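# A closer look at the structure
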Amino acid sequence: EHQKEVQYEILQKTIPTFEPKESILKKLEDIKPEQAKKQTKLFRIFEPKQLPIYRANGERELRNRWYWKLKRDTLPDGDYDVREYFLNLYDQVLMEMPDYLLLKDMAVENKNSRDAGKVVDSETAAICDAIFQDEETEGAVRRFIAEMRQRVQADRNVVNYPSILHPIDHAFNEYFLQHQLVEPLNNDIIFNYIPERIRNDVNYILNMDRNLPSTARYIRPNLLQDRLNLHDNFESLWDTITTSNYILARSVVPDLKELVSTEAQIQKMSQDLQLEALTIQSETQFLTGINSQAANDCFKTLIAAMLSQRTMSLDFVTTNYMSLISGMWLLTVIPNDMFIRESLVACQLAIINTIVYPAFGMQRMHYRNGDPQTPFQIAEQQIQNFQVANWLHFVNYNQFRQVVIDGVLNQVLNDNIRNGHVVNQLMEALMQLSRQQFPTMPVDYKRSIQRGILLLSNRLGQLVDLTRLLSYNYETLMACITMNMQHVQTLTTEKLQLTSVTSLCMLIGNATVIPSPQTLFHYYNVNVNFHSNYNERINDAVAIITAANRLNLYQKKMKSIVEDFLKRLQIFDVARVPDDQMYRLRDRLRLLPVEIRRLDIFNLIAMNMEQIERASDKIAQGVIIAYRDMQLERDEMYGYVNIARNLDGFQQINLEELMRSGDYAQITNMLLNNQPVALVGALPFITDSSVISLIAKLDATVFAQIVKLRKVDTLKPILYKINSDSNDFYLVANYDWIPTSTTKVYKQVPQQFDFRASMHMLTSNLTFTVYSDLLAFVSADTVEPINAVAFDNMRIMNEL
Amino acid sequence: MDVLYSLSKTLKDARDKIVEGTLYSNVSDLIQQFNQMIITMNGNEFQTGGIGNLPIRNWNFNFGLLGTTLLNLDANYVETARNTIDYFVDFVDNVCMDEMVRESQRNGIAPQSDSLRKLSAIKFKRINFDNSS
Amino acid sequence: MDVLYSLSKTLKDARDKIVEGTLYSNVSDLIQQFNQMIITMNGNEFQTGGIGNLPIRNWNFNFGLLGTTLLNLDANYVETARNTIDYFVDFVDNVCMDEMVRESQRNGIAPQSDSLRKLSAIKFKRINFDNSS
Amino acid sequence: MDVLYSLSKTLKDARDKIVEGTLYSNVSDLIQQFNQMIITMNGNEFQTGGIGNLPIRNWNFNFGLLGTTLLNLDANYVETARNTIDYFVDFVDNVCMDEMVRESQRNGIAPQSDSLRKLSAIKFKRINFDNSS
């Protein structure tokens, strides 16, 4: 068998299931819902700062001026890394962003106000104070700063607070205030949140024993469907998902109560079918009679596989015929979709060659695998009985029936399995095989196989009621399914022992087990939590992929995004995904539209890339080299400075594409032969306050290492910030020379602080409460399980 | 009939909206419908004409999807879009000339050509778009 | 008057765009406007007619919102949409017949019917949509 | 010529779609095109007229972008939008009157005015929008 395990391991290495199959349940029950996040600050990218100004001859004035300086200017160099940093800022905003906002918890007192006054941040209180204290703002403004008043309304649930924000920061905060993902909760929404079968079941008694105020709110789970069809082409991912849903649904189905005492059952089955008279062996026929490790685990296996759409495989011994006789009931209750094709045809052919074709005198069939016709399906066209043929034609076409119920697709039984009426035909077809004389079988094996059929055919009601119960548990747990129930033949199969089926047949009593409403709600909780997790992660993934592609990041390696994506679904072993499914999960995430929330934030960040980049003070975005003495420009910011307004008239050479190509060919030419040019990049610069360095013409000397190194990474040009504080300024002041410089550092001046375009009234609510559980508000009882009824209001477990 | 109007409405809009240099958010909801159209129409073969001097043409659809990763649509995307649009416009032109030419005394409101009887299935129902004319 | 055109433009588009089998991204911006319309119009009662033989009809709006969770619109969504659209179309038909029938010598540019004087408030201003005719 | 139709189509839609009280999702794809238009047209100067009695007008574009942070468009956004739209409408009016007045025997299909010869560059190609008329 050492070949068999290594071939199964070669198959298993490409499947992302975790090797402890029970442990996945922990990793599936520890998917908490995405907690409602509340913000305590106001997302300030910029801040006002006092800067000294220089009145266009060099002299530093006797006052300062407020400007919009970008706090935390961690902007890197080069065109590529700067917009990679804007994507880092995009991810930082997405993980920072609150759902709901209450401005009253951020409201702080306005220290100057002549009544009481409440601004909405400690930093806007500091800005408010500092604009009130200085001697150069307007009298209307300085009067108003101690006259503005919040508007807090106890009715209508609104608050209005003044704020001093940048229009960019105001765009982000007003986006966070308008679009909130929070919305009213009452008893007429919790009533719709539970599934439809449980709403209209008389077995489960649910109502509201708790009050909900008007300030009760929640968050929708986003229970939208797949958008990525994982079932048709992602077979190794679908294997992992069916294993995870399988071990989930296995731990939810109820344990069997009040079974047959196993020793009396084993002795009855050992005296009815005798094996000391026959000779194949004595014992191995009777591994059946186990109380809880065979019948109960078969019950779990059947319902968990049917709920998770996990394909099963049949294990048996062909000489063990009672396993095949119970396999007949397995084939009539479970649809033949469920079992893998070779095991289905193998057990079916075993049942037919050992029981049904020896019955009616017919020669045993040779199957020929290549046909689409199962052995029952050929057999009934070869058998005329009207009693066995009814059973064979049932099992030939019992399969699931695909219908959406409240959006979700569901795999349902027909109503003959559903009320257990089909077993009244299997037992009619089985005791037809019992009054059946076989034409050439030895009589001891014939009497043994007829009495082994009579072991089954005398449990008419005990198995009618068992397949009523099995189907009812499948009903009540199918209602809490929130993803699709797609039936795809999975790779690995959950092996079923037919000995466990014989145990479930011969050991069930009449005690009804139905899922209690706490484990019926908990299954729904973990299904909705996994589906919420799944959709919110896909939205994050298409956000990051679409943002990284619209921001021209092509060293991005989207496989890393998809690897960090599959780690977060918390059921996958990402290092075992095959490369074709990884690249196809990549090119399937790119056909999806971005969530409107993510797309609005990307629009907020994409248009303000230039204002955040060009107010950085660490980088300057390109250098004019003109080779003629263009004159030093007067600026109130810097004094005299070689700052440039446009890159017009000259050549914009992209420095990023120059770094990519590496052929140079041009900047070498235009640098050797002294031709004017404008290098567009995101370089860092040397600020330099020296007139001696201005006369010595230092800026032409920082470009020859571009053709020495053949690298534009070390390009650090020089800004000529000269002023009265530059302690070489007398050469500017005493002599009659015109301020000239060869090259220019293209840079934008920062925006000055205007109080009119920065004061804003922010509006939110007052004191609501979000609720994450949404199902602790349902009080939950059940009818006494002796009185449990089916869909038809007839009692399941009739047998009492 | 509804899906034929839907094919023509998407081809008209994709000649109008998918142009060179336009922003992607202007066409972000049209490219998804056009990709749904390509996904639905692949693997299917049609046969138009066969009455009078209208020639018999066989139609086979094997096209790749359009990209959803640009910010401004460049000329590569416009040229591959113009190829796919010109093939679908020739297809719908011959389907419309195959349908206007036929008639029936029994139930005239039903589609008469083979191509429009094939398009009247629910497999092609996801082609459907707004019905504004 | 602006909100009456907005009601009619959304009802025209929702008869056109909300069809069976269409993709959700084609109608993702219309369903939000139609839900804003339902949210605005609930709890309000109107009274149309009362001049000549135009009969007095009372209008009460109590509707649930439309779902925002499909990928392709199935026939359930289309049938509940057709119900809500038919009620709103009957409402706006009777409001328009109540407004075309009345006149005033004093200031004719003002709304004359009671329903359009009630729709001219800022409570109903969030109904407003594009004004393209 | 394509960008002139695109300017006029966005100005027509932004007079139509950007109104008071309308939902932001109705105009979420138009504001991005109008911001792309503002970003493209800034820093450029134009000169219209100069033939007959058509007066010479100089055009300079220095505008801020429109906000993308409202849920329902309030009247502040509508008034600043109406200002920017009225300036661009006056610009495109004078460009169209400068282009209809000129002609050439050599190649008449080419733009003749200085403003439309300046708009025929690829710098202005990102203005482009749907061509539906």
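This entry lists cryo-EM as its structure determination method and reports a resolution of 3.4 Å.

The name given to chain B in the PDB entry is Intermediate capsid protein VP6, and the organism recorded there is Rotavirus. Its PDB record names the entry "SA11 Rotavirus Non-tripsinized Triple Layered Particle".

The name that the PDB entry assigns to chain A is Inner capsid protein VP2, with the source organism given as Rotavirus. Under the UniProt heading Sequence similarities (unreviewed entry), the entry covering chain A gives this text: "Belongs to the rotavirus VP2 family." Checking UniProt for chain A, the heading Subunit (unreviewed entry) contains the comment "Homodecamer; each decamer is made up of two conformers of VP2, called VP2A and VP2B. Interacts with a VP1-VP3 complex. Interacts with the intermediate capsid protein VP6. Interacts with NSP5. Interacts (via N-terminus) with NSP2."

## Structural notes on helix α24 (residues 596-606) of chain A
For an α-helix the count is 3.6 residues per turn, leaving residues at separations of three or four pointing the same way. Within α24 of chain A, eight of the eleven residues are buried, which leaves it mostly tucked inside the rest of the structure. Within α24 of chain A the residues assigned to the buried category are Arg597, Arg598, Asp600, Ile601, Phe602, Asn603, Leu604 and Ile605 of chain A. Its buried side turned inward, α24 of chain A meets α3 (79-96), α6 (167-178), α21 (517-550) and α25 (609-613) of chain A together with α2 (30-41) of chain D.

## A few points about the sheet that holds strand β24 (residues 740-746) of chain A
In spatial order, the strands read β18-β24-β15-β20-β19 (chain A); together these five strands make up an open sheet with mixed pairing. Each edge of the open sheet carries a strand with a single partner, namely β18 (643-644) and β19 (652-654) of chain A.

## Some thoughts on the relation of the copies chain C and chain B
At an RMSD of 0.0 Å, chain C and chain B line up after a rotation of 120° and a shift of 0.0 Å along the axis. The relationship between the two copies is best expressed as a three-fold rotation axis. Among all residues of chain C, the one whose C-alpha sits closest to the rotation axis is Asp29 of chain C, at a distance of 5.8 Å. When you check the interface residues of chain C against chain B, a mere 8% turn up at the interface there too, and the two sides of the contact use different surfaces.

## So, the nonpolar core
All names here are of chain A. Within the largest apolar cluster, 204 residues are counted, with the highest numbers of intra-cluster contacts made by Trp329 and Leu566. At 16 residues, α21 tops the list of elements feeding residues into this core. Excluding its chain neighbours within four sequence positions, the residues that come into contact with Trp329 are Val423, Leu426, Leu463, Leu466, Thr467, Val501, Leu504 and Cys505. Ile625, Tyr638, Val702 and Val712 belong to the second-largest nonpolar core, a separate cluster that totals 37 residues.

## Quick word on the packing of aromatic side chains
In this structure the tally under the stated criterion is 46 aromatic pairs over all chains. Taking the centre distance of 5.5 Å and the plane angle of 80° together, the rings of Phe61 of chain B and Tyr87 of chain B count as edge-to-face. With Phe61 of chain B in the loop between β2 (57-60) and α3 (75-100) and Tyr87 of chain B in helix α3, the pair connects residues that are 26 residues apart, well separated along the chain. Owing to a relative accessible area of 2%, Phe61 of chain B belongs among the buried residues under this scheme. Ring centres of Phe63 of chain B and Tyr87 of chain B lie 5.3 Å apart, and the angle between their planes is 55°; on these two criteria the pair is classed as tilted. Of this pair, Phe63 of chain B sits in the loop between β2 and α3 while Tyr87 of chain B is found in helix α3, placing the two residues 24 residues apart along the sequence. Ring-pair connections join several aromatic residues into one group, and the members of that group are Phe34, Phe46, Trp59, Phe61, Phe63, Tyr87, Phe88, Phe91 and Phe124 of chain B. Stacked on the ring of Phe234 of chain A, the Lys or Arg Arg588 of chain A has its end atom at 5.0 Å from the ring centre.

## What about the interface of chain C and chain B?
Interfaces are often sized by the accessible area lost when the parts come together. Contact residues are listed per partner, giving twelve residues for chain C and eleven residues for chain B. Summing the contributions of chain C and of chain B, the shared interface buries around 970 Å²; its carbon and sulfur component is 42%. At the boundary of chain C and chain B, one finds one salt bridge. At the junction of chain C and chain B, the tally comes to five residue pairs in polar contact.

## Thoughts on the environment of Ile718 of chain A
Residue and element names in this part refer to chain A. If you trace the backbone, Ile718 turns up in strand β23 (residues 718-719). We classify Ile718 as buried; its relative accessible area is 3%. Sequence separation between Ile718 and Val745 is 27 residues, and the spatial gap between their C-alpha atoms is 7.1 Å. In this structure, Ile718 is in contact with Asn642, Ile686, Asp688, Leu698, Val702 and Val745, ignoring residues within four places of it in sequence.

## Observations concerning a negative patch on the surface
On the surface, a cluster of negative charge is made up of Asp77, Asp81, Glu84 and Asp713 of chain A. In this fold, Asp713 of chain A is placed in the loop between α29 (704-709) and β23.

## Side note on the interface of chain B and chain D
On the side of chain D, eleven residues touch chain B, which itself brings twelve residues to the contact. Contact between chain B and chain D buries roughly 970 Å² in total, counting both sides, with carbon and sulfur atoms accounting for 42%. Connecting chain B to chain D are one salt bridge. We note a salt bridge from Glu20 of chain B to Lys125 of chain D, for which the minimum N-O separation is 3.0 Å. One can count five residue pairs in polar contact joining chain B with chain D.

## Things to note about the relation of the copies chain B and chain D
The transformation that overlays chain B on chain D combines an axial shift of 0.1 Å with a rotation of 119°, and the residual RMSD is 0.0 Å. Both copies present different contact surfaces, since only 8% of the interface residues of chain B are interface residues in chain D too.

Conventions we followed
Residues numbered from 1 in each chain as written, not as in the entry; some residues may be left out. Chains lettered and ligands numbered in written order. Part of a larger assembly, values for the part shown. Heavy atoms only, no water. Residues with missing side-chain atoms left out of burial classes, pairs and counts. UniProt positions renumbered as here; feature names shortened; annotations may be inferred. Buried < 20%, exposed > 50% of the residue type's maximum accessible area, 1.4 Å probe, protein only. Helix = DSSP H or I, 4+ residues; strand = E, 2+ residues; numbered from the N terminus. Contact = heavy atoms within 4.5 Å. Pairing = 2+ DSSP bridges. Least-squares fit on C-alpha atoms. Core = buried A, V, L, I, M, F, W, Y, C linked by side-chain atoms within 4.5 Å. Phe/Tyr/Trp six-rings, centres within 6.5 Å; stacked < 30°, edge-to-face > 60°. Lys NZ or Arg CZ within 6 Å of the ring centre and 35° of its normal. Buried area = accessible area lost by both parts, 1.4 Å probe. Salt bridge = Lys/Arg side-chain N within 4 Å of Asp/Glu carboxyl O. Polar contact = N/O pair within 3.5 Å; in protein donor to acceptor, adjacent residues only side chain to side chain. Patch = residues over 30% accessible without salt bridge, like charges linked within 9 Å, V, L, I, M, F, W, Y side chains within 5 Å. Areas by Shrake-Rupley, 256 points an atom, 1.4 Å probe, with all protein chains shown as cover. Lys, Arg positive; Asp, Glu negative; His and termini not counted. Charge placed at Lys NZ, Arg CZ, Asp CG, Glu CD.

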